[PDB]
C-alpha cells in the first residue's frame, strides 16, 4: 500500500476511478510517468512532484537522497487513456508515500487539481467521479472545498456511504490519506 493511491479523474471510459502507483528505486534523479497519460495529466504529475520537492524538509525527505533515486509514476490499466488535472492531489500523495515508505490508508480516494502553492483546486465531473467511487467500495473520498456546492445533486445514499472530506490544502490531504503524520514531529502537551 506504499505508493498506491486511488484517484478520481478522466478516462476514455468516463470520469472513472484511477489506481495510481509510484516507485522510488536506486537511480540518478530521473522521473518517469506512464499509463497512457495525456499532457495535462503529465503536467499535473510535474506540479505534484514540485510540491513535494519544495516541502521536502517538512516531509523529512533529504534532497541528497532524492538525487540518488529514480521515480516512476504508473497508472494501470496501461492501455486506457487518462487525462485532466483531477489526480494532482492523488499524484502528490503517492509521491510523498513512495519517498517516505509511508503506506497510503486504504478505502481512501481523492480528486482535486493541485497548485504549486499547495492549494487544492475545484474539479469537474464530481458526480461521475463519485458514482465511480461508490461502485468501488471506497468509503473516504477527499474532494476540493469549492466542490462542496456540487454535492447537493449527489444521491443521499452515496453521501451517507462515502465519508467525504472537503479539502482546501495539500497539507490536510496527506494527513487524511497517510498512515503516519507526514508533516512535523509529534509534540505532546498537557494542560
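Numbering follows the first chain given and starts at 1.
Mean C-alpha B-factor is higher over 132-140 than over the other stretch, the pair under comparison being 132-140 and 22-30. In this entry, 157-165 shows the higher mean Cα temperature factor of the pair 48-56 and 157-165. The entry lists a Cα temperature factor for residue 7 that places it in the lowest third of the chain's modelled residues.
When the modelled residues of the chain are ordered by C-alpha B-factor, residue 122 sits in the middle third. In the deposited entry, the Cα temperature factor of residue 188 places it in the middle third of its chain's modelled residues. Ranked by Cα temperature factor within the chain, residue 151 sits in the highest third according to the deposited record. For residue 98, the recorded CA temperature factor ranks within the middle third of the chain's modelled residues.
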